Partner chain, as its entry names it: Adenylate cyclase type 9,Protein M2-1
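Listed next as structure tokens is one chain, alone, in the form deposited without its partner chain.
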């Protein structure tokens, strides 16, 4: 009975393309068949190789550098560096055995744990932990494997689908810095903006300059969107994404939010916080602090004729996104009448 046009906005690697993948799983045909699977098997292997070669290459460049725990692995390091830039790598059995032995080296792992000091795809641990699965000749990627796959294709990508007679036309708008000049061109008859944030990347810097904090970049972009003159009446659904990785990072206790956002040291969990069942209170405090950084922007200015709807999301978790998207569906249905509450 209606067609809604939703824009996914957000910095690079925030989760936009992953959300589209979930929409296709839920409302189209997912990753289609063996042809797509097979063609995308190469992306998974290339992620695995990118992960291990990035970690290995970073060891000598960290300050202080990190050495192998077992010097017997030196030839494996050399092999990985040697094939780092081979086009169309063929992934023979020895690649997996060498990658796995390096992944198990405590020095390589120690370098991995300092990955916020270089640029490492978030799916590194996921794929490195299942080398034995991926290396099998009869390996077929699961939907989760394909969701975790990191392929940062620039451009604007679109999906359209119907749910209970309502159409949703969703735009995955590339958000790396050199793509943002194009954002305004997708603002054609927008129902709502979905702004996606990598909540877990508070201790990381962006690829574009290897200097600007990733979460600060997201906050700056959200401020740009929230206060934009041509979005004053367009509400913003905020996906505070990567909640799984955020919880892991908070609980590991090695990278403190307050070293990057000092006001966290004085931050108390709000009284109206609604932690999930089983949630560690340290994670609640972290995720609500990050939420409240965005809500401070949305309450500070630009709040005239639109609302912000925050959600905690895990874009690789299909059931999580089913639930959040259904909440979005209801938010959208309720927007028309809610607009009359505004002054």
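Numbering follows the first chain given and starts at 1.
Just so it is clear, the following notes concern the form deposited with its partner chain bound, a form of the same protein that is not shown.
Exercise. Is every one of 156, 171 and 182 within 4.5 Å of its partner chain in the deposited complex, counting heavy atoms?
Worked result: Yes: each residue has a heavy atom within 4.5 Å of the partner.
Exercise. With the partner removed from view, which of 113-121, 133-141, 229-237, 258-266 is the stretch that lies within 4.5 Å of its partner chain in the deposited complex, judged by heavy atom distances?
Worked result: Among the listed stretches, the partner-contacting one is 229-237.
Exercise. Just one of 146, 205, 250, 221 has a heavy atom within 4.5 angstroms of its partner chain in the deposited complex, so which one?
Worked result: Selected residue: 221.
Problem set entry | Contact residue in the deposited complex, from 188, 74, 82, 162 (heavy atom within 4.5 Å of its partner chain) | Checked against the cut-off, the match is 188.
Exercise. Using 4.5 Å between non-hydrogen atoms, is residue 225 touching its partner chain in the deposited complex?
Worked result: Judged by the heavy-atom cut-off of 4.5 Å, residue 225 is in contact with its partner chain in the deposited complex.
For this session: State yes or no: in the deposited complex, is some non-hydrogen atom of residue 177 no more than 4.5 angstroms from a non-hydrogen atom of its partner chain?
Result: So residue 177 counts as contacting its partner chain.
For this session: Determine the residues of 204-219 with a heavy atom within 4.5 Å of its partner chain in the deposited complex and present them in sequence order; the list may be empty.
Result: The one in contact is 217.
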